[PDB]
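Observations on chain architecture
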Amino acid sequence: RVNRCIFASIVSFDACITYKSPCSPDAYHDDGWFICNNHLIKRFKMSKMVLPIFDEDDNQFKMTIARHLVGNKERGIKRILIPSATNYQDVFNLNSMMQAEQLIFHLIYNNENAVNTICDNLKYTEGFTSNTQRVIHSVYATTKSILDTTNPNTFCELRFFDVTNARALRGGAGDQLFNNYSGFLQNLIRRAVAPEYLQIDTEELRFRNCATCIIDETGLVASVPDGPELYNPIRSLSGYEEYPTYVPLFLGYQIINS
Amino acid sequence: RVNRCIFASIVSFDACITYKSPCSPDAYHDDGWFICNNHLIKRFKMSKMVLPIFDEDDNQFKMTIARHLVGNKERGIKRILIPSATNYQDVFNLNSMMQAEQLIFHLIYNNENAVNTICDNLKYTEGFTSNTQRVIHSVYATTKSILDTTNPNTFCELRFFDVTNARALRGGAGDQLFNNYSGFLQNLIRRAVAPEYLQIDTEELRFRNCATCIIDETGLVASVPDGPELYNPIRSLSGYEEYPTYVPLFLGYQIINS
Amino acid sequence: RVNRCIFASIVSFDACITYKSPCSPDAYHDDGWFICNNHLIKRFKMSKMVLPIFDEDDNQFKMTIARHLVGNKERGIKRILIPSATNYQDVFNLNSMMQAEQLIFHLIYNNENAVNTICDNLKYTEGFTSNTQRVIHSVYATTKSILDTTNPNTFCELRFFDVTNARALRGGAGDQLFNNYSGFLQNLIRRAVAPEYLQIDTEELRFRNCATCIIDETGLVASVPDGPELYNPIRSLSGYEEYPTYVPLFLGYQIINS
Amino acid sequence: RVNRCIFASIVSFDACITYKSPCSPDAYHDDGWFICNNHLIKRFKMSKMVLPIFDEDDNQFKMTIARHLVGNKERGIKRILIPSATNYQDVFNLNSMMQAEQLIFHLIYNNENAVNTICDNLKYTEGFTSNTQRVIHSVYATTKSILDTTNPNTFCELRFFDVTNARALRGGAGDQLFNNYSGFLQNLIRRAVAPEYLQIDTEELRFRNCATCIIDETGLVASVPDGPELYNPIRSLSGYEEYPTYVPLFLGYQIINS
Amino acid sequence: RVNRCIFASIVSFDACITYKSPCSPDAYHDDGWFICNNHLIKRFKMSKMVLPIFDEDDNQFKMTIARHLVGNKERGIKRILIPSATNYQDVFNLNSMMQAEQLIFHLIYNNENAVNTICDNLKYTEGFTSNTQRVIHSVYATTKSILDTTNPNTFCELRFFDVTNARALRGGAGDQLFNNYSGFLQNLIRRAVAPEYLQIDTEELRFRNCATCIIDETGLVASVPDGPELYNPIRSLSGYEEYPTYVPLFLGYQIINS
């Protein structure tokens, strides 16, 4: 009944130009993703999927996994999925966006300087105190409400992104750089990439033979390790089921108790 | 329709003992106070009042002020209204409370050690994973939702608690120690004590001749400066209106623009 | 059933021009004030209030207190409430009034010379002996009846207006100059300003933190001590009671026995 | 029938967000102004007026003059009307605008670097070749069509902005800095400010006693010379005509032949 | 319903020649001007206008301003608007007028000698006592009725005509010579020229950049200071409002209270 997408609070507060709310109905669902599928697709090269685990509990245990939207022709920065705070200005092309969305992106990426600049140059516009202050108050408040509930400050599950001493707390440089992203970014990454190795109680399940995406200082980038880029039809004998060839986001390791 | 009191999320998660929701209907109102009047009275020696300002705008400008619940007989720590983080263990008598309320109080007062202790000794109880984890998750989540929206990190009004260079940003030790309280504590204090000097645009209004409460390292304490304690009937020629003799919370200075 | 206001006996004894009796119904009540609220407001910057004392007797003990009708913009002589006998000609603008009211004011202020002048120049008018003598007889008689019952000659309670040796009979210059006013003036002042310190039996109650009005040689003037003038809306979140911001008359000290 | 406003070709080429065409019907008229009144008001503090000249020819000779939209309270950069190329980033707040409008403004101000940046970072967006290239082609083509017809390269009237050797070609620093603006800026300025001294054939007409606006390195700014700012009601005995108190744009000198 | 123009009482009391009443209907209105617009135009080079003030009160505050009827070709005495008592014989060409109008002009200009001459040489005519005495009585009585209600003897607003110590009572020679005109002349001048600087309460409004007319010993003359004479079409792209180029009477300074 209430939208839970951080990009759902997008309004063009220019007082004469309109905006849109193209979020899919899945935004209202408390699936864990604080972003609707439509914005998850149009901004990141990412789509949502559910993943079933028919473990010994015989329960309908469902986790969340992601989907590439990048094929093979595009190389380099075009293959990125979630950029880090260092190099997202160029990839996101912030100037194309509306100020509500630049503010949301900077809050996601913790750019206090950018927020300060947008705030102290936005006051120069006319009609600011009439409704611009109230609307920016509303958008900033709801964005912080979405952001703080995902804050990585441990609550009151153990995830790793590299295979280094799997039966331990040791992690690679990917894990330590991933800890540097904000709460919303960390939550989105955690819900997006599923671990190719899962530890339930004391047993192990391997969903993917070998990792699909990679984590670098540039961020979550869909650059397949040690090989040519995986085929992706992108898209939008008949008796056998289709078995769609969509490439998922498989990376890391997980320790699960109880 | 939705409760906005931090003490409204009080549940006795002992699985057999009950709890209460004695919040007054004013909790649902978005008055600014993130606490219902009933808990504001039963925990702090504080009650709510509205205050009108018939300024040049001729608008129905209403601010929030507070009320003592302490008379004259009680002295010392009994006269405190909002203790600081240093000395609230003794005044609040935390052990009398339920664990939901100790957790709420420690979150209000930023006692990470106390939260860690309650979390790692609460897991020892039986039936924890069944519903205790879920209920503590709910209470902690709603408490952090209430707390973060009041966080003193400036948004995207200038309040002082001492008379030192009124036409400047200079403030006394009271202001600098008041900055040390958490977001909820700062918001409650700001909504509670009204400034005896108000600056609207470029003119000044003095509501109270001289300050009633005081701010010390012990906290907000209703110790009247340089004199015997103010009379307070506590309580719960007929033609003339009653003019109730309730003693309010008047302290500080305010700068208001537009 | 009988009016007890000194200004209720106002008649324009010009034999062709009319008069008014705008006294509120509280004039008939034997509240102690020998003046109706309407004249108390239109002549002095004063309004009536009752004040409750929920002392150890648990009785409905009500005293009388007053209210300013002056804001902040008016300064100097405009801020006076009850002028002394020295400087009331200018503030009251006696010439604007009718002769009944000048006579009443001079009787209140013990101006025997002014009464002599008005009496020996009023006889010059025509039709004097017909009814003017009888009507001036009636008004003077009722005015003296009101005045003598308030005469400060001790009857057959100890009030002070300065804080000098509170546990003694010592008083400041304000008390000794206040003794110089006539009986009606002293009674009106005593019923108007309530003591910020009250002594009941052997215990003390402080209603006001610090004094609001002041007593000078000019009289009772609403000049707040050592600070800018108190805000007063003058006039003539909704769930919480209004708590009107009317500024009262608090000054002095009282000793009460039994 | 065809729009002649440079700001009329404003389209939000984000492929899902809309735009507006709020130009007044005067845009279609070939009045000389290459901007509609609505954009002339919303972007510059400028409004349009016609000015009659009942000279010896007895013809209905009409010229174009402008109107301030700034009062007295706003000072400094807020008083500017047409900024120069040096300091228009801050006053116009380019980031608030859509890319069509930033491109139009940079083309008006001859910011080749800004155009290069917007062009080589706009290609990064998706769906660019589909319609974004065509729409940016259309907008850039029509903007250059509007700009080139106003190019200050003399065609195949003599205007000055300072009083220095009026009967000569000598001009102040204002004229030489005004020559530095682009064709559209020069045309807008020339149509906006009317010369307080006009020379028709061999005779002189003085419309304004003394100049209203000023020309500085900052640009056309409505800072009245040597005095407090002129009163301007802004806005949006009855028998006499209103004589509106709108403040016009009067500055300079003109030499007119035939 | 009753004419309030001093020139409306013009009758040719030659008993056989007629007269005219060409006053416009605005004469009946109590606008403050004691002269109809038709005579204000035909005698002085002056026309009426109203001027709006959209101050903070948001009220429809209208003052009175005047209009030149002189262009640029006429120089010297032809440019005068209201001559002083020293040099009005030549400019007004009194001999052209009828005796009613010479008498009115001398009464306006306080020429007791001229009135004495016209009275003691008018009695020489035949038929004087029949109706000439009665008609001259009527005209002189109504002229004095118009004149005395404008007498500069302060009633039971502070106007200056020079900029010398604006925040004070200091005034130039123009003010002291303007005090020398009669009541009707002073009232006409005050209603005619509007102050280029107005002080309302404690704030300042500048309607005109710099003064249009001037005050000299010769009188109110429309000689623009330090420059060539202002263009005036005299008289009696279509989408934009006309903005008439009529030159007003702006001079002086005003202090207004309440």
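Before reading on, note that the structure itself is shown above.
Description of the structure in this document. (Residues numbered from 1 in each chain as written, not as in the entry; some residues may be left out. Chains lettered and ligands numbered in written order. Part of a larger assembly, values for the part shown. Heavy atoms only, no water.)

On to the pattern of salt bridges, then. Opposite charge on two side chains allows them to pair when their charged atoms are near. Inspection of every chain in the model, using the stated rule, returns 39 salt bridges over all chains. With a shortest N-O distance of 3.0 Å, B:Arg4 and B:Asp30 are connected by a salt bridge. Of this pair, B:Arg4 sits in the segment before α1 (37–42) while B:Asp30 sits in the segment before α1; the two residues are 26 residues apart in sequence, bridging distant segments of the chain. Classification of B:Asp30 as exposed rests on a relative accessible area of 57%. E:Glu101 is the partner of E:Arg43 in a salt bridge, and the nearest nitrogen-oxygen pair spans 3.9 Å. Linking E:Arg43 in the loop between α1 (37–42) and β1 (46–53) with E:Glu101 in helix α3 (residues 99–109), this pair joins segments that are 58 residues apart in sequence. Residue E:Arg43 is classed as partly exposed on the basis of its relative accessible area of 24%. (Salt bridge = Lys/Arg side-chain N within 4 Å of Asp/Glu carboxyl O. Helix = DSSP H or I, 4+ residues; strand = E, 2+ residues; numbered from the N terminus. Buried < 20%, exposed > 50% of the residue type's maximum accessible area, 1.4 Å probe, protein only.)

Rotating chain B by 180° and moving it 0.1 Å along the rotation axis overlays it on chain C with an RMSD of 0.0 Å. Taken together, the rotation and translation relating the two chain copies correspond to the operation of a two-fold axis. Every residue of chain B has its C-alpha some distance from the rotation axis, and the shortest such distance is that of B:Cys210, at 3.3 Å. (Least-squares fit on C-alpha atoms.)

Time to look at helix α5 (residues 128–148) of chain A. Residues and elements named next belong to chain A. Turning to α5, its buried residues are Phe128, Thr132, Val135, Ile136, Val139, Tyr140, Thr143, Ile146 and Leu147. All buried residues of α5 fall inside an arc of 130° around its axis, so they share one side. Exposed and oriented more than 90 degrees from the buried face of α5 are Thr129, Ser130, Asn131 and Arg134. For α5, the secondary structure elements touched by its buried residues are α3 (99–109), α4 (112–122) and α7 (183–192). (Arc of directions from axis to C-beta. Contact = heavy atoms within 4.5 Å.)

Take the interface of chain B and chain C next. With 41 residues of chain B at the interface, the matching set in chain C holds 40 residues. Of the roughly 4,000 Å² buried between chain B and chain C on both sides combined, carbon and sulfur atoms contribute 61%. Per-residue buried area on chain B facing chain C is highest for B:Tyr231, B:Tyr240 and B:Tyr243; these three make up 21% of the total on that side. Taken together, the links from chain B to chain C amount to two salt bridges. Note that C:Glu242 and B:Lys62 form a salt bridge whose closest N and O atoms lie 3.7 Å from each other. Counting only elements with at least two residues in the side of chain B that touches chain C, the list comes to β1 (46–53), β2 (61–68) and β6 (203–206) of chain B. Broken down by element, the side of chain B that touches chain C gets its largest block of residues, six residues, from β1(B). (Buried area = accessible area lost by both parts, 1.4 Å probe.)

What follows covers the packing of helix α3 (residues 99–109) of chain B against helix α5 (residues 128–148) of chain B. All names here are of chain B. One can describe the packing of α3 onto α5 by two numbers: an axis separation of 11 Å at closest approach and a directional angle of 30°. The orientation of α3 with respect to α5, classified from their angle, is roughly parallel. Here α3 runs over α5; the crossing is right-handed. Judged by residue contacts, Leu103, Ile104 and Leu107 of α3 engage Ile136, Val139, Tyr140, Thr143, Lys144 and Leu147 from α5. Broken down by class, the residue content of the contact of α3 with α5 amounts to seven nonpolar, one polar and one charged. (Axes fitted to C-alpha atoms, helices over the stretch in contact; angles between N-to-C directions. Parallel < 35°, antiparallel > 145°, perpendicular 65-115°, else oblique. Left-handed = near helix turned anticlockwise from the far one by under 90°. Nonpolar A, V, L, I, M, F, W, Y, C, P; charged D, E, K, R; others polar.)

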